[PDB]
Ligand code: HEA
Ligand code: HEA
Ligand code: HEC
Ligand code: HEC
Ligand code: FES
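Protein chains in written order, with the deposited numbering: chain G, 323 to 427; chain Z, 231 to 561; chain R, 27 to 164, 194 to 331; chain P, 59 to 172; chain H, 18 to 203; chain E, 288 to 430; chain V, 73 to 215; chain A, 1 to 139; chain W, 60 to 111, 117 to 139, 143 to 280.
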């Protein structure tokens with residue numbers, strides 16, 4: 323849940339404009355570098371670290387890799403609200419999740 | 231420093247504000263530090279003392295007096311440590327003021343000995359004695375600033391200002407840098423067997439001197455009013471804005487002054503004039519000029535007689551022993 | 027004319043400042059005279075004796091002039107003794123510490139900003155009598200009801216009368232600080248527990264001749280933002296000072312008190328720094 | 059010092075921050091005071107002491123090499139405070155009492171300096 | 018043709034002077050703030066066990082006596098007497114160090130620690146450097162004994178024995194000075 | 288101490304990394320490699336393929352060294368007596384080359400511990416390694 | 073790889089679903105008298121083996137005994153080094169805690185799937201399908 | 001050797017005079033009474049000078065005249081063999097490296113690093129001591 | 060009563076960074092409005108006090129901390148004992164399994180497996196959990212200091228907090244049954260110990276046993 327204060331530096335990746343719900347983004351976890359899960363989140367710097375190889379991803383810039391051997395941006399997931407006020411998935415991933423291979427991402 | 235590290239890592243309350251650690255640590259640190267700047271002075275006074283006679287072609291003036299003055303400075307150097315405490319106002323004023331005014335005199339005695347040494351001599355203008363002249367001029371200015379600083383009411387207003395900065399810059403630089411370069415210019419043939427160029431040395435000296443007295447003269451007029459040291463910014467309302475520009479210009483001038491020296495040294499380490507005989511600067515002293523210019527292991531293969539403080543001079547010129555021993559005590 | 031000879035020292039506002047400047051001018055004149063003498067001696071030696079022509083064997087091997095050395099080593103003793111005696115006499119007049127100061131102000135210093143106390147008021151003419159002592163304390196710090204406190208964006212201001220006996224007591228919170236006023240021609244450090252460290256935190260001013268606003272800065276290494284905590288002091292007439300006193304007695308801020316007596320609200324010589 | 063002089067001119071903070079400025083004069087003063095003057099004095103001593111006194115060699119060459127390498131390694135360790143993200147010791151080379159304790163300046167640079 | 022004065026002797030004397038001023042700084046640390054506290058300036062939870070401090074002082078005095086006996090043996094042509102005296106001194110110093118360790122354990126067990134009070138901190142700071150110097154002296158003893166046991170005797174070995182001997186004597190002198198400063202004057 | 292750890296699950300991860308030190312060079316090479324990728328018709332080759340190529344080349348070079356040296360120097364003589372290390376500068380220089388490369392690769396992946404014990408920037412240490420494995424080798428070779 | 077409950081001796085890990093192999097490892101580490109000592113000896117000895125083989129190879133390379141009479145010996149030594157390194161890599165992975173699981177996941181899954189040509193075939197052959205397999209641990213144990 | 005002892009005892013007398021004068025002037029006319037900080041330093045440096053002068057006198061009062069202390073002596077008087085001097089060696093750089101490691105360890109609080117530094121210091125000292133006493137291998 | 064004393068104590072030094080009325084200087088620090096006394100208690104007791117910010121000794125000692133916290137509240144409250152003191156034993160949990168699971172799911176990621184120091188990017192790091200007590204860690208996880216993911220009391224049960232408390236206290240303090248502790252890291256310290264001790268003694272014994280020529 324991003325702080326609602328700024329809400330203006332989000333890049334809103336060219337194909338995923340409406341996949342965010344206000345203060346919600348719901349990013350994936352499997353790093354695209356080798357597949358190590360990433361849990362290192364820094365709220366003030368809006369950065370995500372992969373502890374295996376110390377990657378970085380700007381949560382404000384479509385989870386784009388900025389440093390380290392990371393290659394492509396992490397997958398994103400749309401969400402919405404149900405009738406009872408819960409959280410449900412708005413669809414499915416539009417890119418393959420996991421390390422890239424010979425056929426596709 | 232052991233106590234400070236113990237406090238930092240364990241919290242031993244040695245320098246706590248509750249106790250008088252504020253005065254304790256300052257007392258001990260200054261008692262250490264003032265002899266520290268007193269250390270870098272005496273050997274370089276020696277450097278200029280034994281660089282004077284070779285170009286003056288005269289015996290040193292006041293030999294035993296010079297030794298007495300050096301001993302007096304050495305003894306009293308650890309009895310004035312508290313004159314850094316005037317702003318604190320918790321120490322004895324007149325005692326340390328009197329001690330500082332007493333320790334001032336032997337430096338003047340050294341100045342008088344040097345001026346007598348160079349008085350009425352066959353002076354030849356080369357790079358080492360140019361460096362010596364700049365050294366005495368800068369050290370005289372710094373000593374005047376220091377003897378001005380010794381007044382407690384004066385430092386009750388001028389402390390921590392750029393005036394003290396100019397004081398210590400003047401004295402420390404004017405001794406160490408100038409005498410280091412002069413001693414390098416002198417001893418380089420002894421160590422390497424090669425002689426440095428004189429035109430490049432003269433240009434280096436002139437550029438260094440110009441840059442130094444250009445960048446470090448307005449500091450009196452800047453620190454006289456309100457501008458204490460260690461400030462990263464100030465306001466545009468007050469004046470003294472162009473003085474900082476002049477200081478920066480002079481500092482930039484001094485910055486490029488080092489390049490001619492290093493270029494000349496690098497060129498002459500492998501190339502340049504080669505000294506094949508002992509003592510290229512004739513009329514040497516202090517016994518180093520009795521061996522080959524490239525010194526082999528253990529530095530000696532022969533030893534001459536030891537009869538005075540100028541053994542190599544008498545060895546090379548035995549026919550002025552009588553003149554040396556005749557008119558020595560005339561004055 | 028003498029201002030150039032004074033090496034840019036700002037004009038005195040207190041008799042001891044004038045005495046200090048007189049001593050400084052005399053010492054500067056003497057030092058300049060000595061330096062000129064030695065410079066001329068060096069130049070004369072390096073110009074005429076330099077004439078090493080093509081005909082010379084050896085100038086002279088002489089190095090013993092003991093009576094002359096004694097004369098030249100005794101001569102500076104007289105001048106250093108004279109200046110030491112003058113210094114002792116002058117500095118004695120600097121520490122009068124009168125038993126009955128007219129106005130006592132408690133200076134509170136802490137990390138990166140100042141604070142003013144206004145301890146008490148007592149006038150010899152019997153016009154002003156007030157004590158601002160606060161038993162709020164239940194530790195070495197001093198607390199008062201009427202107190203001037205500063206902020207990173209508001210320049211602290213001190214209001215002081217003219218021609219009065221003024222006293223200040225040092226009291227710091229964490230680190231060393233040096234209360235300095237360029238126009239006072241005086242400086243002094245501030246220590247956490249000067250009584251526990253056996254140092255004098257008390258100094259007094261006889262009176263101030265001129266009036267107006269003056270700048271001040273601290274004069275030690277007290278952290279990072281050491282140079283962004285200047286302060287201003289305002290000197291006013293006794294009646295205006297009294298009026299400001301009773302105005303601040305009622306609940307009012309610094310700007311309101313200064314504005315209500317026909318005075319600029321903020322400091323004129325200083326302005327806040329934007330990037331902090 | 060040249061970087062210092064560049065920054066201080068043109069009043070106002072052009073490109074240098076305050077804490078880095080403090081680090082700057084701390085390191086400059088420390089280096090020029092306790093890593094140039096004393097080693098150069100001892101260097102001239104080593105050059106011209108046996109030659110002035112005429113002795114063939116020094117008493118303890120092992121101690122001489124020990125002192126030289128100790129000084130060099132200590133200088134390298136102390137000057138290596140610029141790699142710390144928090145910087146080296148920030149107080150001036152005077153190093154007064156209350157700012158040098160554990161309360162203020164808790165960075166690792168002070169230990170390296172000491 | 019060898020110079021009658023020995024350069025090792027004067028060098029070790031100068032080094033001895035250096036650590037003398039080091040312990041001088043230690044004493045300056047200790048005496049400071051002692052007068053700051055009034056009345057019973059030692060804290061009430063502190064009490065020195067005199068029944069253990071004097072015995073280790075006598076232990077060190079006996080160690081020093083064995084040291085001068087060993088150096089007197091060294092001045093003449095025999096090494097086994099030196100070895101015996103030095104071994105006795107080493108054992109006595111080991112007992113001394115163990116006694117100090119026991120005193121430290123007892124003091125820390127039911128009271129003062131380094132961050133507890135100023136008096137405990139200064140006392141521990143003063144005693145720790147002395148203990149470290151004693152351990153260094155023991156290491157020097159071991160090194161000297163091993164050096165003597167692996168080569169023929171030379172005057173250099175006697176010089177090393179002498180310098181170690183009066184270094185230990187200086188250690189004894191500074192220890193008794195510290196004990197008189199702390200436990201008697203209080 | 289496995290008991291201090293926990294059972295493996297896909298959703299748990301932490302700074303626990305840097306496996307045993309005798310295969311550690313592969314992890315270091317993976318960490319240091321710049322992110323170069325190629326994209327052609329519905330295909331993508333990721334960065335780690337270069338790591339596989341480098342480790343395969345290291346595999347190949349190890350047994351091929353004697354033949355390479357024999358063909359380079361053109362020596363075909365029998366020897367039963369060894370050579371002291373200070374008599375063959377070229378081979379010792381190549382050995383220093385290899386050992387320095389291995390050491391700089393090993394210490395590069397100690398980035399977390401190095402930045403933790405010693406307060407150093409993680410990015411700074413990564414860049415130090417990134418310049419080190421290329422500029423350090425020639426210096427030690429010449430030295 | 074069948075999920076089970078601990079309900080053993082180590083109280084902080086009671087009632088947590090976990091792999092059976094990790095349960096056996098904890099059993100031999102805590103329940104059997106002295107098992108921890110023996111397994112620690114095993115691991116430390118393996119580390120000693122790796123260090124000793126590296127030092128021996130370095131000494132052989134320095135001495136230059138790899139000339140014509142003994143080149144096949146050098147080739148055999150290289151192959152021994154490679155196989156020992158791989159087998160040691162397989163060593164710390166049998167007690168599949170989260171650290172070893174992460175290491176093997178990263179290395180094998182990433183490099184094997186990253187092959188430009190074969191890729192998925194090799195990974196699916198090794199793991200029998202997706203990365204988390206029921207046959208991976210027994211196969212690794214047997215190997 | 002007499003001049004050096006005379007200078008050392010002169011320094012001792014000066015230090016003693018300064019220490020006693022400072023103590024006297026700090027006893028009275030002082031806010032804090034006895035300074036207790038610089039007085040100890042002055043007294044103990046005076047004691048340093050006293051003890052070193054005493055040692056010099058003791059080694060000089062039982063000493064014979066040397067050619068260097070005798071004016072007019074000839075270089076042939078001092079002819080002979082001087083003391084032993086260490087030739088080229090490399091132990092001190094290793095000892096300095098170990099000392100630097102120990103200093104780094106005591107800089108940032110890592111007890112394992114300080115223990116390693118202490119062990120390396122002991123090893124380097126052992127290497128330095130035995131550099132000129134180990135004989136041939138026993139085989 | 061206590062409010063005035065707390066306000067005076069804060070205004071003695073707090074205005075220099077944050078503000079007289081807790082306003083917030085734009086380029087110095089935050090505004091200090093939403094956060095309660097829990098934030099002040101954690102930031103004061105631990106020792107990350109005004110710096111030039118690693119661990120440091122506290123300035124205030126358990127007396128005025130409550131006063132300044134109450135003063136901040138008037139402009143998330145700590146858990147206190149029924150007798151008026153701060154809770155110290157009631158915060159200990161009973162179910163260790165859930166505490167360990169939550170530690171490995173949300174705690175261990177940044178700090179360590181055993182709670183020691185952790186490595187982050189660009190300066191700041193993860194400190195060791197040893198020098199912190201139960202009240203400190205509870206108010207810290209409830210507060211969300213810099214570079215911290217702050218946790219709401221709604222998303223985490225109070226039983227979950229006590230289980231975390233018990234697990235962190237048991238894990239760090241209990242003596243390791245494996246002998247000497249090598250820092251709690253991975254195999255890198257093990258390999259370093261190997262290089263420094265293992266084959267060093269081996270080569271020493273080889274030199275002793277063997278001859279050299
Ligand atoms: C090499 C370095 C060096 C040298 C040689 C000196 C030499 C002198 N210094 Fe300086 N000083 C410093 C470096 C040095 N100083 C430093 C680094 C600081 C403070 C650092 C810090 O706190 O930041 C300092 C601070 C300092 C202070 C206190 C400043 C302050 O804290 O407010 C004072 C005042 O007492 C002082 C005085 C003197 C005097 C009287 C001499 C004398 O040795 C020189 C004066 C003597 C003469 C050469 C005058 C000419 C002599 C004759 C011709 C005889 C004529 C007769 C008379 C007129 C006397 N120095
Ligand atoms: C040995 C002592 C020493 C030396 C040699 C110097 C050298 C110089 N100093 Fe410094 N200075 C001090 C000691 C010294 N200083 C001390 C102690 C303080 C303050 C102490 C305190 O307050 O804490 C100070 C502070 C100080 C200040 C103000 C800072 C302060 O006091 O608050 C200034 C001016 O702004 C200054 C100027 C200079 C200049 C222009 C030189 C010139 O002489 C230097 C010329 C040299 C060169 C510029 C080298 C050339 C550089 C290059 C060309 C780099 C080449 C590139 C590579 C090869 C990569 N000094
Ligand atoms: C500018 C120097 C400075 C000083 C002086 C200072 N602080 Fe802070 N402190 C900070 C900064 C900046 C933060 C914001 C968090 C951070 O930077 O890590 C902070 C953190 C805090 C926090 C917690 C932050 C939050 O979001 O809840 C509180 C509460 C606080 N300070 C109050 C105080 C108190 C009490 C003092 C004691 C007088 C004080 N400040 C003095 C710099 C300072
Ligand atoms: C950035 C992601 C991040 C996650 C996820 C995280 N922390 Fe931290 N933690 C930090 C940082 C950064 C520090 C260093 C101190 C600081 O920055 O305030 C820290 C340090 C702490 C400290 C102080 C250390 C000490 O011993 O004094 C406590 C307590 C703490 N964390 C609690 C938790 C709890 C409880 C969880 C999860 C249930 C958690 N942390 C998970 C970032 C994190
Ligand atoms: S798997 Fe994320 S950086 Fe390697």
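C-beta atoms are modelled at their ideal positions from N, C-alpha and C, and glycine is treated no differently.
query: residue 361 of chain G: which of W:172, W:196, W:103 sits nearest, CA to CA?
result: W:172
query: ligand 4 heavy atoms versus the CB of residue 196 of chain W: any closer than 6 angstroms?
result: yes
message: Checking 7 angstroms against the spacing of the C-beta atoms, do residue 141 of chain A and residue 56 of chain A come in under that value?
response: The requested residue 141 of chain A does not occur in the structure, where chain A is confined to residues 1 to 139.
- prompt: In chain P, which residues lie less than 9 angstroms from residue 351 of chain E when you measure between Cβ atoms?
  reply: Those do not exist, as residue 351 of chain E stays about 40 angstroms from chain P at its closest Cβ, beyond 9 angstroms.
- prompt: Expressed to the nearest angstrom, what Euclidean distance is found between the alpha-carbon atoms of residue 133 of chain A and residue 526 of chain Z?
  reply: 29 angstroms
task: Counting only the same chain and skipping the five closest in sequence on each side, list residues whose C-beta sits under 8 angstroms from that of residue 316 of chain Z.
output: The answer, listed in chain order, is 323, 382, 385, 386, 389.
message: One question on the structure: do residue 67 of chain P and residue 474 of chain Z come within less than 7 angstroms of each other, judged by their Cβ atoms?
response: yes
- prompt: Measuring CA to CA, which of V:129, V:98, V:163 is closest to residue 307 of chain E?
  reply: V:163
task: Keeping to the same chain, check which residues put their C-beta closer than 7 angstroms to that of residue 231 of chain Z; ignore five residues upstream and five downstream.
output: None.
query: What's the gap between the Cα of residue 311 of chain Z and the Cα of residue 257 of chain Z?
result: Roughly 8 angstroms between the two C-alpha positions.
- request: Classify residue 22 of chain H as buried or exposed, calling it buried when 16 or more other Cβ atoms lie within 10 Å of its own Cβ.
  value: exposed
query: Within 10 angstroms of its Cβ, does residue 452 of chain Z collect 16 or more other Cβ (buried), or is it exposed?
result: So residue 452 of chain Z ends up on the buried side.
message: Using only the alpha-carbon positions, how far apart do residue 158 of chain R and residue 174 of chain W sit?
response: 54 angstroms
field: heavy atom of ligand 1 below 6 angstroms from residue 314 of chain Z C-beta
entry: yes
- prompt: For residue 221 of chain W, which residues in chain A fall below 9 angstroms Cβ to Cβ?
  reply: The contacting residues do not exist; residue 221 of chain W stays about 40 angstroms from chain A at best.
message: Please report the straight-line C-alpha distance between residue 550 of chain Z and residue 544 of chain Z, rounded to a whole angstrom.
response: Each residue's Cα considered, the two are about 7 angstroms apart.
- prompt: Which of the three DSSP states, helix, strand or coil, is assigned to residue 93 of chain H?
  reply: Three-state DSSP puts residue 93 of chain H in coil, outside helix and strand.
task: May I ask you to report which of helix, strand or coil DSSP gives residue 520 of chain Z?
output: helix
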